[PDB]
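# Architecture at a glance
Each chain, letter by letter, is given below.
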Amino acid sequence: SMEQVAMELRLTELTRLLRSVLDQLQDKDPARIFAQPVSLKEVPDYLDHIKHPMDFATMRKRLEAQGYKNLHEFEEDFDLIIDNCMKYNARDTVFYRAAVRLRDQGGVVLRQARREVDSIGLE
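Method of determination for the deposited model, per the PDB record: X-ray crystallography, at 1.4300 Å resolution.

Labelled according to the PDB entry, the chain appears under the name Bromodomain-containing protein 1, originating from Homo sapiens.

Given below as structure tokens:
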């Protein structure tokens, strides 16, 4: 139907916006601490601690499958990256501190992203 096509156009344009948002968020992680899944070879007990692992590569895979239906779903996964890190790693580690910086700098990006999604009506 024409309606289904219109919906799919909106999802494609949401995906375009979120791809830009993801690129901007990842730029706030120049150390690439969050670029890839935590290695279960290097951290064998990770899943005992963290029940829903997340990272930027995994987000990008979901994004390109158009698996984010709205900004909230995307934000949920971004928050997982940060929240997982701040629980597994202690306050005085380079890992925890990187997550704090990513959270703070990311907030700016996500604030304007929400305005764009609402205004354009992408969800």
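We are not done yet, so read on.
### Comments concerning the overall build of the chain
For the chain, the helix and strand inventory stands at 5 helices and 0 strands. Moving toward the C terminus, one meets the helices and strands of the chain in the order α-α-α-α-α. Its C-alpha atoms give the chain principal-axis dimensions of roughly 50 × 25 × 20 Å. Look at the contacts in the chain between residues 6 or more apart in sequence, and 65% of them connect residues 24 or more apart.

### Topic: the packing of aromatic side chains
Two aromatic rings are characterised by how far apart their centres lie and by the angle between their planes. Evaluated as defined, the whole model comprises 3 aromatic pairs. With a centroid separation of 5.4 Å and 75 degrees between ring planes, the pair formed by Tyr 68 and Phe 74 is classed as edge-to-face.

### Let's talk about the packing of helix 1 (residues 2–26) against helix 3 (residues 56–64)
Between helix 1 and helix 3, whose axes approach to 10 Å, the crossing angle comes to 170 degrees. In terms of their interaxial angle, helix 1 and helix 3 are classed as roughly antiparallel. Contact residues: helix 1 offers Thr 15, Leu 18, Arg 19, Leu 22, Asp 23, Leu 25 and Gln 26, while helix 3 offers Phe 56, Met 59, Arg 60, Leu 63 and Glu 64. When the residues that make up the contact of helix 1 with helix 3 are grouped by side-chain class, the tally is 6 nonpolar, 2 polar and 4 charged.

### Quick notes on the nonpolar core
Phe 56, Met 59 and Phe 74 are the most contacted members of the largest nonpolar core, which has 26 residues in total. Of all the elements in the fold, those that place two or more residues in this core are helix 1, helix 3, helix 4 (71–88) and helix 5 (94–120). Ranked by the residues each element gives to this core, the list is headed by helix 5, at 7 residues. Among residues more than four places away in sequence, those in contact with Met 59 are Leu 22, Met 54, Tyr 68, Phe 74, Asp 77, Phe 78 and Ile 81.

### Description of unusual backbone geometry
With phi around 60 degrees, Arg 32 is a residue other than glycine that occupies positive phi space. As for its placement among the helices and strands, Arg 32 is situated in the loop between helix 1 and helix 2 (46–49). Unusually for a residue other than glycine, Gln 66 sits at a positive phi of about 50 degrees. When you line up the elements, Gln 66 lands in the loop between helix 3 and helix 4. Note on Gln 66: relative accessible area 31%, which makes it partly exposed.

### Some points on the side chain of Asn 84
Within the secondary structure, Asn 84 is located in helix 4. What makes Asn 84 buried here is its relative accessible area of 7%.

### Some points on the pattern of salt bridges
One side chain can pair with another of opposite charge once the charged atoms of both are near each other. Per the stated rule, a full pass over the model turns up 7 salt bridges. For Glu 64, the salt bridge goes to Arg 19, with nearest N and O atoms at 2.7 Å. Of the two residues, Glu 64 sits in helix 3 while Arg 19 sits in helix 1, which places them 45 residues apart along the sequence. On the basis of relative accessible area, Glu 64 is assigned to the partly exposed category, the value being 43%. According to the relative accessible area criterion, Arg 19 is partly exposed, its value standing at 32%. Here the salt bridges share partners, and the residues they tie into one network are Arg 62, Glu 73 and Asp 77.

Conventions and cut-offs
- Residues numbered from 1 in each chain as written, not as in the entry; some residues may be left out.
- Heavy atoms only, no water.
- Residues with missing side-chain atoms left out of burial classes, pairs and counts.
- Helix = DSSP H or I, 4+ residues; strand = E, 2+ residues; numbered from the N terminus.
- Contact = heavy atoms within 4.5 Å.
- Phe/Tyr/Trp six-rings, centres within 6.5 Å; stacked < 30°, edge-to-face > 60°.
- Axes fitted to C-alpha atoms, helices over the stretch in contact; angles between N-to-C directions.
- Parallel < 35°, antiparallel > 145°, perpendicular 65-115°, else oblique.
- Nonpolar A, V, L, I, M, F, W, Y, C, P; charged D, E, K, R; others polar.
- Core = buried A, V, L, I, M, F, W, Y, C linked by side-chain atoms within 4.5 Å.
- Buried < 20%, exposed > 50% of the residue type's maximum accessible area, 1.4 Å probe, protein only.
- Salt bridge = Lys/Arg side-chain N within 4 Å of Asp/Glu carboxyl O.

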